[PDB]
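*Asks:* Take this structure first; my questions come after.
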Amino acid sequence: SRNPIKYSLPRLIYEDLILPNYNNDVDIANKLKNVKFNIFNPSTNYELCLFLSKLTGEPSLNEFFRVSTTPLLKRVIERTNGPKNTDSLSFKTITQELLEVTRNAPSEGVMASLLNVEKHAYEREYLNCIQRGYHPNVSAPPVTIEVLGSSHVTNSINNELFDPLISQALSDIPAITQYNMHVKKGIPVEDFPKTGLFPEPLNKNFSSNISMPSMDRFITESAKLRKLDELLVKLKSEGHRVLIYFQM
Amino acid sequence: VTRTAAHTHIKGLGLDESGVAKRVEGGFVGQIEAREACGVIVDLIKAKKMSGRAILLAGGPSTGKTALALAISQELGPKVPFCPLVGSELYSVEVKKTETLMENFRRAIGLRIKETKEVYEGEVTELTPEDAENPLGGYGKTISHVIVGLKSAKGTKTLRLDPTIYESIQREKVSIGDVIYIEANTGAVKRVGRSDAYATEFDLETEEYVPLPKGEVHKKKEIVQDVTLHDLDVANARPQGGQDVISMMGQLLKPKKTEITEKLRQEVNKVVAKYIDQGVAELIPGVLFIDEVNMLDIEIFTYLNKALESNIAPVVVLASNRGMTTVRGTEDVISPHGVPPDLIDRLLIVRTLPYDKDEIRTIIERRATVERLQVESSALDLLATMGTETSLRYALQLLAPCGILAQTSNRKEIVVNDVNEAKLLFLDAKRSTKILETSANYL
Amino acid sequence: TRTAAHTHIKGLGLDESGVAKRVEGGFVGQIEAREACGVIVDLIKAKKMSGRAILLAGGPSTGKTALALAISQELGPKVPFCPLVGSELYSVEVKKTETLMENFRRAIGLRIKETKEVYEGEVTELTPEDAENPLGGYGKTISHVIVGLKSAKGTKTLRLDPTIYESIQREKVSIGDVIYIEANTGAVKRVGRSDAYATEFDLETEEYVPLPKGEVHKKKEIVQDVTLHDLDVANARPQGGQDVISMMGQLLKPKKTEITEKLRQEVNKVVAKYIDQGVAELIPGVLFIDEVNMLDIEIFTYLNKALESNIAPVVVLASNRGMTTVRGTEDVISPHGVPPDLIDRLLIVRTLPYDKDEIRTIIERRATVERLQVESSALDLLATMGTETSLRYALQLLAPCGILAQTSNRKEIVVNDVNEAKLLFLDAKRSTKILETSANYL
Amino acid sequence: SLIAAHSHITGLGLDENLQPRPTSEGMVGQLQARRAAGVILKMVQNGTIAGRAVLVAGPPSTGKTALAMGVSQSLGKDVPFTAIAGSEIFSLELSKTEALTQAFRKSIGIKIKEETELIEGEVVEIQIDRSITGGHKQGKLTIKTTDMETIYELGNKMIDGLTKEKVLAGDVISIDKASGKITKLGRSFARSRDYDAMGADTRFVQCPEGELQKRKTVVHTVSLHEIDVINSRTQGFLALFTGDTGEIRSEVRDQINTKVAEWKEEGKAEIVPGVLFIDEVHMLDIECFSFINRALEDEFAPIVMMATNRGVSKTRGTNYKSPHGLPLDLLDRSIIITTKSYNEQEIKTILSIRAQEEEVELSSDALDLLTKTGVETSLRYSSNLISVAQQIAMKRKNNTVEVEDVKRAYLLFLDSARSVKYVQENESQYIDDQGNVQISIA
Ligand SMILES: Nc1ncnc2c1ncn2[C@@H]1O[C@H](COP(=O)(O)OP(=O)(O)O)[C@@H](O)[C@H]1O
Ligand SMILES: Nc1ncnc2c1ncn2[C@@H]1O[C@H](COP(=O)(O)OP(=O)(O)O)[C@@H](O)[C@H]1O
Ligand SMILES: Nc1ncnc2c1ncn2[C@@H]1O[C@H](COP(=O)(O)OP(=O)(O)O)[C@@H](O)[C@H]1O
């Protein structure tokens, strides 16, 4: 699938403004602004890193420089709940203490029922058996970019638009594939790629925007069939035998 | 039986074949010149040749300005798009009022498209993914391909996929024995349901069971779609439905209107023109009705002066009930109808006269016979006196308390004593103002 | 110790079922105002009323804020008290009506009692054993798990569900660690390692919590106090989930959002259901807004609406204005800057100004609280200064006298010290007089 | 629960022929206003028409929101009733028209019928198959009753619900098919060998007999705003409670209207109208009135009743004064109910029913003094004096409010006019409109 809108771009802008080469200093300025003059560099700002590690209680003093140099989604995906030492300025809130207890608490508990009113509202009003009402009219992919004669453009566009870490984050590995990687290749569970971060939809109806022809809309639009289905329920409940004659 | 709310006794303009307005037709009483002008612009819109043509409905309150807009909306039918609007709609807290006006301008230009679709559907028989050589190599995918065996009526196909379509396929949580629907246009798939070739009564997942799809697995079907240009602009501004990173990520951000650029509108217009020139698409211009146009300030009028000169402009209908009122956003500019003269020069003002007592009485008759109420002739004359004495809308909204006070006395007809009791219970604007003047502590 | 314009007042100081005695609790004078505050405190202690508003008024430097703080001290540290300025409602993230409703819900407290059965202690032996009939095609078909526990004068091994071993693997539990076990859920968690395993390695990140006291198995009835707004913000935001939206919103700025009435209705009905079960006890508190005259009239209208609710706590307002136009409108004259529709919904308390002897006693009490020594002549001169210029100006000019006394190596404040402090530091009237008589843009 | 202002009103106090009784259902007096409220209650209950604007006009402390609460109580359950103030429309995340459209669509209800299946039985064998990461889940459920044994197949949400509220293969459970609710009724097998890790004290219920699977038809009520937010985006069910529903597009609203009409034409769903009550509607811009003038002309519009205590005053957003604070085009399409002031007897019945509401016993002469001070001052002041007089009453250790207690409460707490008079001869101590004040007493 490709978007019909084509945003053409000259090659010269891409070679002389984005890609580093001998006649520009994109890479040198990137190193100067991200590495040498970074205020989280422990080689030049060890005091600030020690101050921040005393504050947050992080075990690694290189973590702030790692955080400030990586994008947001990559920070979200491999966020690991490492242990923090108790001799630190980081605290526990009242709300975090309510939230941490009620992770695996069952029903008929005070904290669990007081902390799960939205799921009680979900199962009270029968939200897993409601049909989808609205679907969008037009659906489109993002705008394609063509550069006439540059495979690096196509490689970068294919890398961004189809990022394997992001795509593996947004879905699951098949179970037989997980079995083949785990015990037939020796890869442990901790070094598996992160998977299943896509949110669950509300229903099975809300999982996609393609709506099948409704059988209920098929039967209810003809009133003769509506009366036939009205009488056929009590005819079947009577334990009967029925013949129907047609012409067409 | 039904529900009525100040309308739905109007079905159309009620004109003849030559455009002359009948006196009592389509639920209308009087307004012969206004209905003839509305018929003239009905033929102008149905000509589908003009852009940036605007009328202005001028008159007092309760004269039939909005009723004429619902009449032209019903006369054009549901095929031609009709966008009702109010002057307070354009003030958005997420985008400027110029962009809201342009979006409502583009939301009144419909489009009929005969679109072909490539469809792979059938019951899933096998599901075997082949793994990669180095799944932890950083780059690349976990799997190489996925073999899907699809079987429909009189056909059976074996499908070898990429990882990318399989991500959307396993996003729907399909399994063995479930019939799917692979739309090959966008890569989106739909879990149709379980098949009834296997068992039915052993499920807890409130499932639905559909038989095998008729025809072969690979299909090319024609679907007639009716979209607007604003939907195309929205779908290209916030892209969803592809099988890429941004197409996933766009469905989970919070929706928010953005200032759509003019370059995107040019590209959308270019691909729409190349759709029409291929014989595929058809352009259906419509009506943008803006009730209470005097609520707009001067900047929206200033942008309207340009937007009525654009080449894909719809037919705009404005309604106002001001005589000589200063335009909002200004202090000294005194203009008719609250509409500044630089746009009034571009308009075509249609005057709407008030009503007489007999017109009031037969309007009460039509609203009584629509609301399923039977009234006496003496109460009918009394309500005509109400309409000619206080207000037409006060006589319109006093039919239902009269009917309820008749029903609470075990009766179907409405008598003059019922109207007197409804006088004693409910007040009007004049009597409330009169009791407001001679008041102790700001009644 | 630190003192900041307060903390010499410990409650109101009323005797039993009667009047407020003269010099008790750090309060002097304002007998009827203390009586009104005491009977309001008893009304809140009755815990029967809702949506009862009281406004106390008077001139500046009279003790409205002191009376509100005495009310908060008389209620105790368990019943909630939410101090607020009227300027804080104008928030630019969320509408001010939602901010006012948030501070309405913040003054309603809950007393939740619960009994928790717990297991804790060091891990001495942990092994999951295979079943007697191992299933084919799988490795380590576990039938049950044996885990040994060890605490202070306590050692017990126990059987376990086999699914708990998966959480054991998720938690990285080995021999020598201390494990918190709750009964009805499983759900293992690790605190650290015992102190006997502290010095096994030279370099180690792992903390060494001491071995817990008491038996391995204990049942403690805990009591948790929470406000209704904490329940609202806990239920509104998503719980522990595996979606990318939840951990994305954890990392982003916690923007305030318009809490709907539906969530409040669900929280109130489940709290009412738990009250009818005898578990939770509802405690209403005090929302205190001083300088109420600076509220805009839309906030006053919502106060008119929301004072009629079933769960509105007691609202205490303070203002110092007289006939002054309400902010947000131009053509009304209203007492204390409060519109008359809201004025009809509250009870108005007067706070009378003080005299020479009350200023003397206030100055003496604030000198003794500050651990400062003052002469009687200096006390009389400070009383005359407070009468002549301002009581609060005599309050501010106590510590400079002490600093100038300790600069002269004296532990006593003398009239020369307060004369030097009067010369060095000016009041409002003398500053206005020097502003009127200068043409140098003073 | 707690005791509020409108706690004592439960209904409208009407006969079959809509004739109000002088003292019934907590309402006293106001015969024509209550008869008009019965008419508007019957016209809401009929559901024949839609979109009628109602004024409730009168002075303050008369019973306008009391009449609205009586209408809400006589409306009963299952009918939506959105009661908002005027200031909630102005928001920083929503336009005024969007907030009014949400307030309109919250008051129109959709009653949807559904066919569910209740499965109750003693479970026998639970086989749960999960992958290595724990994401993919499938399995089989074997349940039985006295007469029927039947195995099943488990979905993902079924296994997630079974993992919560731990089933131990012998506990009688009940599953709702369409609601997805898992309820463990108790334990019937009484297992002997048990791992002593849980604090399980499950009740001895019996194994159910008869049919395993039972069909049931249920009905649940949802309103149009909920379906709009649910169909708006991917995680709209969180936006139900967070209120992060920012300007839902018109395409969603018209498609939802079309789908709701399609549900009505098939007999699956029915449409119930409700009441949108806008308290203090004069606190609204002319934009809001101009939007209401057209939004009342739609099919999916509720019956709107709005209250106004204001006289001929300035409409907001304009420069002219209008009757009841509303422009004449909105006053044209509305019907006015005029509420009158009270005599001594109606105030006496109001104070008696309020004292009966707070379970406070009042003396006859004490009630006479309360009626006299509710006649000369406002009614709400004498109503609010009751609770503090009761507090002074058991502060004297007697459970009967005497004349001295209410006299002490009248002395301790002041009226509007008494506060105005007390300020007006002491204008120097209070901050005036110009900010000038005299803090020094000499
Ligand atoms: N010619 C007519 N026939 C029947 N009803 C009419 C006619 N003209 C006006 N009305 C009624 O008068 C009311 C006011 O009309 P509308 O155009 O909606 O507002 P306004 O006239 O104030 O702009 C409507 O409810 C409509 O039903
Ligand atoms: N009755 C009193 N007894 C002792 N100190 C008082 C009394 N009233 C006021 N004060 C003192 O006066 C100081 C300022 O009073 P404050 O409450 O700020 O006045 P206002 O109520 O006008 O804001 C406070 O630090 C308080 O300690
Ligand atoms: N007829 C009545 N029945 C019951 N309570 C009443 C009645 N009239 C007045 N009240 C009481 O008086 C108070 C004032 O009513 P309110 O609705 O605020 O008047 P308004 O119409 O001015 O808003 C309410 O708290 C209500 O409890």
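Naming works like this for the structure tokens: A, B, ... for the chains as they're shown, residue 1 at the start of each chain, ligands 1 onward in shown order.
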Give me, as CSV, each residue of chain D that comes within 7 Å of chain C, together with its shortest interatomic pair and the distance in Å at one decimal, counting only C-alpha atoms, with rows ordered by chain and rising residue number.

*Replies:*
residue,atom,partner,partner_atom,distance
D:2,CA,C:48,CA,5.9
D:3,CA,C:49,CA,5.6
D:4,CA,C:310,CA,5.2
D:5,CA,C:308,CA,5.5
D:60,CA,C:341,CA,6.8
D:85,CA,C:305,CA,6.3
D:87,CA,C:298,CA,5.2
D:88,CA,C:97,CA,6.4
D:91,CA,C:95,CA,5.2
D:92,CA,C:95,CA,5.9
D:195,CA,C:159,CA,5.0
D:196,CA,C:159,CA,6.5
D:197,CA,C:183,CA,5.7
D:198,CA,C:183,CA,4.4
D:199,CA,C:184,CA,5.6
D:200,CA,C:184,CA,6.9
D:241,CA,C:263,CA,5.5
D:242,CA,C:259,CA,5.3
D:243,CA,C:258,CA,5.0
D:244,CA,C:257,CA,6.7
D:380,CA,C:344,CA,6.6
D:381,CA,C:344,CA,6.7
D:388,CA,C:39,CA,6.9
D:391,CA,C:43,CA,6.4
D:395,CA,C:17,CA,5.2
D:396,CA,C:17,CA,6.7
D:412,CA,C:36,CA,6.2
D:413,CA,C:349,CA,5.6
D:414,CA,C:348,CA,4.9
D:415,CA,C:348,CA,6.5
D:416,CA,C:343,CA,6.6
D:420,CA,C:335,CA,6.2
D:423,CA,C:322,CA,6.4
D:429,CA,C:59,CA,5.1
D:430,CA,C:59,CA,4.8
D:431,CA,C:321,CA,4.8
D:432,CA,C:322,CA,5.8
D:433,CA,C:324,CA,4.9
D:439,CA,C:390,CA,5.9
D:440,CA,C:390,CA,5.0
D:441,CA,C:387,CA,5.8
D:442,CA,C:388,CA,5.6

*Asks:* Within 7 Å of ligand 2 (counting only C-alpha atoms and all ligand atoms), which residues show up? I'd like them as a VMD selection string.

*Replies:* chain C and resid 5 to 6 8 to 9 26 to 30 59 to 66 320 362 392

*Asks:* Produce a file of the selected residues containing C-alpha atoms, as a tab-separated table (two decimals), in the first residue's frame.

*Replies:*
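Result file follows (result_2.tsv):
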chain	number	residue	atom	x	y	z
C	5	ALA	CA	3.77	34.01	62.21
C	6	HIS	CA	1.93	31.18	64.02
C	8	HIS	CA	1.89	29.87	69.44
C	9	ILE	CA	-1.74	28.76	69.08
C	26	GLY	CA	-2.30	31.01	72.85
C	27	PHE	CA	-5.52	32.97	72.26
C	28	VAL	CA	-6.55	36.25	73.89
C	29	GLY	CA	-9.84	38.02	73.31
C	30	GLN	CA	-12.31	37.19	70.52
C	59	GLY	CA	-10.49	43.88	59.55
C	60	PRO	CA	-6.92	42.88	58.73
C	61	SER	CA	-4.75	41.70	61.64
C	62	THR	CA	-7.67	40.32	63.63
C	63	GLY	CA	-7.13	36.58	63.60
C	64	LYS	CA	-9.38	34.91	61.03
C	65	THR	CA	-6.51	32.72	59.80
C	66	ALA	CA	-5.52	32.07	63.43
C	320	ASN	CA	-11.48	41.55	55.03
C	362	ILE	CA	0.09	39.01	72.25
C	392	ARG	CA	1.62	43.13	62.90

*Asks:* Could you state the separation of CA of residue 120 (chain A) and CA of residue 236 (chain D) in Å, given to one decimal place?

*Replies:* 16.2 Å

*Asks:* What residues have any atom no more than 6 Å from ligand 1 when counting only C-alpha atoms and all ligand atoms, and can you list them as a list in words?

*Replies:*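 Those residues are residues 6, 7, 27, 28, 29, 30, 31, 61, 62, 63, 64, 65, 66, 67 and 363 of chain B.
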
*Asks:* How would the residues just picked look written out with C-alpha atoms as a tab-separated table (two decimals), in the first residue's frame?

*Replies:*
chain	number	residue	atom	x	y	z
B	6	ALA	CA	-40.63	21.86	16.75
B	7	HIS	CA	-40.35	20.49	13.17
B	27	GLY	CA	-46.62	21.67	5.79
B	28	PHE	CA	-46.00	25.30	4.82
B	29	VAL	CA	-48.39	28.22	5.23
B	30	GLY	CA	-47.72	31.40	3.29
B	31	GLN	CA	-44.19	32.65	2.52
B	61	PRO	CA	-38.22	35.78	14.98
B	62	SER	CA	-40.73	32.96	14.37
B	63	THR	CA	-41.09	33.69	10.65
B	64	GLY	CA	-39.69	30.48	9.17
B	65	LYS	CA	-36.00	31.04	8.45
B	66	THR	CA	-34.62	27.77	9.83
B	67	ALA	CA	-37.72	25.94	8.57
B	363	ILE	CA	-50.32	26.55	11.56

*Asks:* Using only C-alpha atoms and all ligand atoms, I'd like a table of the residues in chain D that come within 6 Å of ligand 3; for each, show the closest atom pair and its distance in Å rounded to one decimal, ordered by chain and ascending number, as JSON lines.

*Replies:*
{"residue": "D:5", "atom": "CA", "partner": "ligand 3", "partner_atom_place_in_ligand_line": "25 (O)", "distance": 4.7}
{"residue": "D:6", "atom": "CA", "partner": "ligand 3", "partner_atom_place_in_ligand_line": "27 (O)", "distance": 4.8}
{"residue": "D:26", "atom": "CA", "partner": "ligand 3", "partner_atom_place_in_ligand_line": "4 (C)", "distance": 5.7}
{"residue": "D:27", "atom": "CA", "partner": "ligand 3", "partner_atom_place_in_ligand_line": "3 (N)", "distance": 3.6}
{"residue": "D:28", "atom": "CA", "partner": "ligand 3", "partner_atom_place_in_ligand_line": "1 (N)", "distance": 4.6}
{"residue": "D:29", "atom": "CA", "partner": "ligand 3", "partner_atom_place_in_ligand_line": "1 (N)", "distance": 5.5}
{"residue": "D:30", "atom": "CA", "partner": "ligand 3", "partner_atom_place_in_ligand_line": "1 (N)", "distance": 5.8}
{"residue": "D:58", "atom": "CA", "partner": "ligand 3", "partner_atom_place_in_ligand_line": "21 (O)", "distance": 5.9}
{"residue": "D:59", "atom": "CA", "partner": "ligand 3", "partner_atom_place_in_ligand_line": "22 (O)", "distance": 5.2}
{"residue": "D:60", "atom": "CA", "partner": "ligand 3", "partner_atom_place_in_ligand_line": "22 (O)", "distance": 3.3}
{"residue": "D:61", "atom": "CA", "partner": "ligand 3", "partner_atom_place_in_ligand_line": "14 (C)", "distance": 3.8}
{"residue": "D:62", "atom": "CA", "partner": "ligand 3", "partner_atom_place_in_ligand_line": "19 (O)", "distance": 4.0}
{"residue": "D:63", "atom": "CA", "partner": "ligand 3", "partner_atom_place_in_ligand_line": "15 (O)", "distance": 3.3}
{"residue": "D:64", "atom": "CA", "partner": "ligand 3", "partner_atom_place_in_ligand_line": "21 (O)", "distance": 2.7}
{"residue": "D:65", "atom": "CA", "partner": "ligand 3", "partner_atom_place_in_ligand_line": "17 (O)", "distance": 3.3}
{"residue": "D:66", "atom": "CA", "partner": "ligand 3", "partner_atom_place_in_ligand_line": "17 (O)", "distance": 4.4}
{"residue": "D:309", "atom": "CA", "partner": "ligand 3", "partner_atom_place_in_ligand_line": "22 (O)", "distance": 5.5}

*Asks:* Identify which of the residues D:122, D:153, D:93, D:98 lies closest to residue 202 (chain B), counting only C-alpha atoms when measuring atom-to-atom distances.

*Replies:* D:153

*Asks:* Using only C-alpha atoms, pick whichever of D:56, D:407, D:221, D:109 has the shortest atom-to-atom distance to residue 280 (chain D).

*Replies:*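 With only C-alpha atoms as the atom set, the closest residue is D:56.
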
*Asks:* I'd like a table as CSV: residues in chain A with an atom no more than 7 Å from chain C, each row giving the shortest atom pair and its distance in Å to one decimal, only C-alpha atoms counted, sorted by chain and rising residue number.

*Replies:*
residue,atom,partner,partner_atom,distance
A:76,CA,C:248,CA,6.1
A:85,CA,C:207,CA,6.8
A:95,CA,C:234,CA,6.4
A:103,CA,C:240,CA,6.6
A:104,CA,C:185,CA,6.4
A:105,CA,C:185,CA,6.0
A:106,CA,C:185,CA,7.0
A:114,CA,C:270,CA,6.7
A:115,CA,C:235,CA,6.0
A:116,CA,C:235,CA,6.6
A:117,CA,C:266,CA,6.4
A:118,CA,C:235,CA,6.9
A:197,CA,C:243,CA,4.8
A:198,CA,C:243,CA,5.5
A:199,CA,C:243,CA,4.6

*Asks:* Please save N, CA and C atoms of the selected residues as a short mmCIF file (atom, residue, chain, number, x, y, z; two decimals), in the first residue's frame.

*Replies:*
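Heads up, here's the output in again.cif:
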data_model
loop_
_atom_site.label_atom_id
_atom_site.label_comp_id
_atom_site.auth_asym_id
_atom_site.auth_seq_id
_atom_site.Cartn_x
_atom_site.Cartn_y
_atom_site.Cartn_z
N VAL A 76 10.40 4.14 26.38
CA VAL A 76 9.20 3.49 26.89
C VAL A 76 9.33 1.97 26.82
N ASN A 85 17.95 1.79 45.76
CA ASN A 85 18.32 1.72 47.17
C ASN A 85 17.45 2.66 48.00
N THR A 95 -0.76 7.15 46.54
CA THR A 95 -1.45 6.54 45.41
C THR A 95 -0.68 5.35 44.86
N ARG A 103 -2.41 -5.01 42.49
CA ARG A 103 -2.06 -5.57 41.19
C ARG A 103 -2.57 -6.99 41.02
N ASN A 104 -2.45 -7.82 42.06
CA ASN A 104 -2.87 -9.21 42.00
C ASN A 104 -3.92 -9.55 43.05
N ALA A 105 -4.56 -8.54 43.63
CA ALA A 105 -5.59 -8.79 44.63
C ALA A 105 -6.85 -9.32 43.96
N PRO A 106 -7.51 -10.32 44.54
CA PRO A 106 -8.74 -10.84 43.93
C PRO A 106 -9.96 -10.03 44.33
N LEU A 114 -12.36 -1.04 45.86
CA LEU A 114 -12.32 0.42 45.84
C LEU A 114 -11.38 0.96 44.76
N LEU A 115 -10.46 0.14 44.26
CA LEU A 115 -9.50 0.58 43.25
C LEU A 115 -9.84 0.10 41.85
N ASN A 116 -11.00 -0.53 41.65
CA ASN A 116 -11.38 -1.08 40.36
C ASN A 116 -12.83 -0.75 40.03
N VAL A 117 -13.19 0.53 40.15
CA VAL A 117 -14.56 0.91 39.83
C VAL A 117 -14.82 0.94 38.33
N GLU A 118 -13.78 1.12 37.51
CA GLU A 118 -14.00 1.19 36.07
C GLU A 118 -14.25 -0.18 35.47
N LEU A 197 2.71 -4.96 23.33
CA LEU A 197 2.45 -3.64 23.91
C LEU A 197 1.28 -2.93 23.25
N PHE A 198 0.67 -3.53 22.23
CA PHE A 198 -0.52 -2.95 21.64
C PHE A 198 -1.69 -3.10 22.60
N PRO A 199 -2.48 -2.05 22.82
CA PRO A 199 -3.60 -2.15 23.77
C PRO A 199 -4.71 -3.04 23.25
#
